[PDB]
Amino acid sequence: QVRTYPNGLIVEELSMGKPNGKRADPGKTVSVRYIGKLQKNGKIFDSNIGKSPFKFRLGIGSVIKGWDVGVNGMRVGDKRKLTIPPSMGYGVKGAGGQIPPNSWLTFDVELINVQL
Amino acid sequence: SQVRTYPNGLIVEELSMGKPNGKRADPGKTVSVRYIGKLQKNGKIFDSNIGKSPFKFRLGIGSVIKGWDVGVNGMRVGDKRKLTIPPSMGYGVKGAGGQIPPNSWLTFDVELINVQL
Ligand SMILES: CO[C@H]1C[C@@H]2CC[C@@H](C)[C@@](O)(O2)C(=O)C(=O)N2CCCC[C@H]2C(=O)O[C@H]([C@H](C)C[C@@H]2CC[C@@H](O)[C@H](OC)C2)CC(=O)[C@H](C)/C=C(\C)[C@@H](O)[C@@H](OC)C(=O)[C@H](C)C[C@H](C)/C=C/C=C/C=C/1C
Ligand SMILES: CO[C@H]1C[C@@H]2CC[C@@H](C)[C@@](O)(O2)C(=O)C(=O)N2CCCC[C@H]2C(=O)O[C@H]([C@H](C)C[C@@H]2CC[C@@H](O)[C@H](OC)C2)CC(=O)[C@H](C)/C=C(\C)[C@@H](O)[C@@H](OC)C(=O)[C@H](C)C[C@H](C)/C=C/C=C/C=C/1C
């Protein structure tokens, strides 16, 4: 299904993982596969398909706010689409070469593991 | 004259001379730069903001890798430098994902666009 937030964040469950999938909660280290796109033109700026999974501690601001919120509650094998407003990404200013000012971002994220 | 080395292995080379009285990147000032970043061992460019909005940071507070805090210091607007940055002054043993492996030397070309205060 779909959840929207008043700030414009959209979190869509694309597919469910197996029933026994470990759950991602704040403070857990998680491993994910992702494809990241600029929402304005569908240009893919990064993916780790065919690469080592991306590991981070959920809920500590290591990653953009849209990920901390959007990955929370995933179970192993779940895939979500996150449609992230600038305020939950890199803001008005944008970021480096990769992210223009005022960028809406779309990520497809698959939860690979959770360290309980 | 136009190359300086540091005991940690950093090399700072002046590529281009900007404005003679151009505002100077001094510690504690917010500075705006254009850059190209390359993995030295295979010459793979991992990022650049050339032709895009400049990158702003506060110099000398550890918000960026050590090689930048040291290497950008003293630039004047319009200057360009090449930084040859050892792992200890970059991403060290951990690296930065697959694009920047453990124990990687980095090279950056950096151009100073502006200094605020
Ligand atoms: C080469 O590839 C990059 C990732 C690239 C950069 C460019 C962007 C387009 C992108 O392609 O990822 C991208 O797809 C993206 O936007 N990502 C990556 C996947 C998670 C979501 C998002 C993100 O938040 O990235 C992150 C985004 C760019 C920066 C953060 C945004 C939120 C903000 O609160 C944070 O403040 C801290 C900074 C990058 C990361 O996920 C990496 C892992 C983490 C950090 C750098 C910070 O958390 C830092 O905080 C001190 C740390 O704790 C780290 C471990 C310290 C060590 C030395 C540095 C490691 C650096 C690794 C860098 C990696 C693999
Ligand atoms: C999307 O693009 C990324 C930049 C990418 C990430 C991946 C690397 C390959 C790279 O492509 O840049 C790259 O070319 C690179 O290596 N850079 C960027 C240009 C400066 C030199 C170097 C660097 O130090 O990056 C930095 C490197 C990855 C991490 C730092 C390395 C030194 C270490 O001491 C720091 O510990 C603290 C962490 C990223 C940055 O320059 C950004 C600005 C700074 C931070 C995230 C931290 O300082 C953080 O700590 C709380 C902050 O104080 C910030 C301001 C808080 C706000 C909310 C977050 C802003 C996030 C911006 C993210 C940006 C533009």
Side-chain angles (χ1 to χ4, degrees), chain A residues 36 45-46 54 56 61-64 89-101 103, chain B:
Chain A
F45 54 80
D46 196 15
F54 175 81
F56 73 106
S62 294
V63 296
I64 57 177
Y90 297 99
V92 169
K93 201 173 189 164
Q98 292 311 305
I99 308 292
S103 289
Chain B
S1 171
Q2 286 189 297
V3 181
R4 181 175 184 175
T5 69
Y6 293 80
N8 50 53
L10 181 67
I11 309 172
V12 182
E13 179 172 356
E14 186 170 78
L15 301 172
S16 308
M17 305 185 60
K19 297 179 175 188
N21 190 20
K23 289 184 291 191
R24 201 177 46 233
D26 291 330
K29 298 202 178 301
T30 297
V31 304
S32 173
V33 301
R34 288 204 173 90
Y35 68 94
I36 303 172
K38 174 189 291 187
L39 190 67
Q40 194 189 37
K41 72 184 189 178
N42 64 9
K44 176 58 184 192
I45 290 163
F46 54 80
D47 197 8
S48 164
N49 69 349
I50 285 52
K52 296 181 141 64
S53 23
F55 174 70
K56 299 200 182 180
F57 75 106
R58 196 169 295 272
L59 182 64
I61 65 160
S63 63
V64 297
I65 57 173
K66 290 181 177 301
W68 271 56
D69 267 346
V70 177
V72 171
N73 182 210
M75 290 181 76
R76 293 182 173 275
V77 170
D79 291 352
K80 299 193 184 164
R81 287 178 180 180
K82 182 185 179 187
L83 309 181
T84 303
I85 307 185
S88 70
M89 303 280 288
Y91 296 102
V93 182
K94 274 83 187 180
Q99 296 200 60
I100 304 176
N103 306 126
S104 297
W105 286 77
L106 313 172
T107 53
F108 287 83
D109 286 358
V110 179
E111 183 189 4
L112 188 59
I113 303 303
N114 201 16
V115 180
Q116 312 191 170
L117 254 109

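Order of the sequence lines sets the chain letters (A, B, ...), proteins ahead of strands, with each chain counted from 1.
To the nearest 0.5 Å, atom CD1 of residue B/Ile50 and atom CG of residue B/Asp109 are 8.0 Å apart. In this structure, NZ on B/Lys80 lies 8.0 Å from CG on B/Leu15, to the nearest 0.5 angstrom. Atom OG in B/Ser104 sits 12.0 Å away from atom CD1 in B/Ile85 (nearest 0.5 Å). Atom NZ of B/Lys82 and atom CD of B/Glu13 lie 6.5 Å apart (nearest 0.5 Å). Atom CD of B/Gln2 is separated from atom CE of B/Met17 by 6.0 Å, given to the nearest 0.5 angstrom. In this structure, B/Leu83 CG and B/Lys38 NZ are separated by 13.0 Å, a value rounded to the nearest 0.5 Å.
By the neighbour-count criterion of 12 heavy atoms within 6.0 Å, atom CG of B/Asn21 is sparsely surrounded, having that number or fewer from other residues, nucleotides or ligands. In this structure, B/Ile61 places its CD1 atom where more than 12 heavy-atom neighbours from other residues, nucleotides or ligands lie under 6.0 Å away.
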Report the C-alpha distance between B/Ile11 and B/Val3 in whole Å, list the side-chain angles of each, state the deciding distance to 0.1 Å, and finish with yes or no for side-chain contact (heavy atoms from CB on, under 4.5 Å).
-> CA-CA 7 Å; B/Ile11 309 172; B/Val3 181; 3.8 Å; yes
For the pair B/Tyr6 and B/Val12, evaluate side-chain contact (heavy atoms from CB on, under 4.5 Å) and give the outcome as yes or no after the intermediate values.
-> CA-CA 8 Å; B/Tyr6 293 80; B/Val12 182; 3.9 Å; yes
Could you go through the side-chain contact (heavy atoms from CB on, under 4.5 Å) check for B/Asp47 and A/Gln98 one step at a time?
-> CA-CA 7 Å; B/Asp47 197 8; A/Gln98 292 311 305; 3.0 Å; yes
Output, in order, the C-alpha distance, side-chain angles, deciding distance and verdict of side-chain contact (heavy atoms from CB on, under 4.5 Å) for B/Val93 and B/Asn103.
-> CA-CA 5 Å; B/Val93 182; B/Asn103 306 126; 3.7 Å; yes
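Using modelled atom types, one side-chain atom of B/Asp79 and one backbone atom of B/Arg76 make a donor-acceptor pair closer than 3.5 Å. With hydrogens and angles disregarded, a donor-acceptor distance shorter than 3.5 Å links the side chain of B/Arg81 to the backbone of B/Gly71. The main-chain N or O of B/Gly62 is found under 3.5 Å from a side-chain atom of B/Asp69 such that the two form a donor-acceptor pair. Side chain of B/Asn49 to backbone of A/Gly96: no donor-acceptor contact under 3.5 angstrom is found.
For the pair B/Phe55 and B/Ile113, the minimum side-chain heavy-atom distance is 4.5 Å or more. Inter-residue side-chain proximity for B/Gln116 and B/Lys56 is flagged as met; some heavy-atom pair is nearer than 4.5 Å. Using a 4.5 Å heavy-atom cutoff, the side chains of B/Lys41 and B/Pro101 are in contact. With contacts defined as side-chain heavy-atom distances shorter than 4.5 Å, the pair B/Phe57/B/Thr30 does not qualify. In this structure, the side chains of B/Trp68 and B/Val33 come closer than 4.5 Å at one or more pairs of heavy atoms.
Between A/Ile64 and A/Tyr90, the shortest heavy-atom distance links the atoms CG2-CZ, 3.6 Å. Minimum interatomic distance between B/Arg34 and B/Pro54 (heavy atoms only, all atoms of both residues): NH2-CD, 3.9 Å. The two residues B/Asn73 and B/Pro27 have their closest heavy-atom pair at ND2-CD, 3.3 Å. Between B/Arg58 and B/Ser63, the shortest heavy-atom contact is O-OG, 3.6 Å. For the residue pair B/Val31 and B/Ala25, the shortest heavy atom distance occurs at CG1-CB, 3.8 Å. Taking each heavy atom of B/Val70 and B/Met89 in turn, the nearest pair found is CG2-CE, 4.0 Å.
If you run side chain to side chain donor-acceptor pair (under 3.5 Å) between B/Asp26 and each of B/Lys23, B/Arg24, B/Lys29, only B/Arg24 comes through.
Under the 30°/60° scheme for interplanar angles, the aromatic rings of B/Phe108 and B/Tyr35 are found to be tilted.
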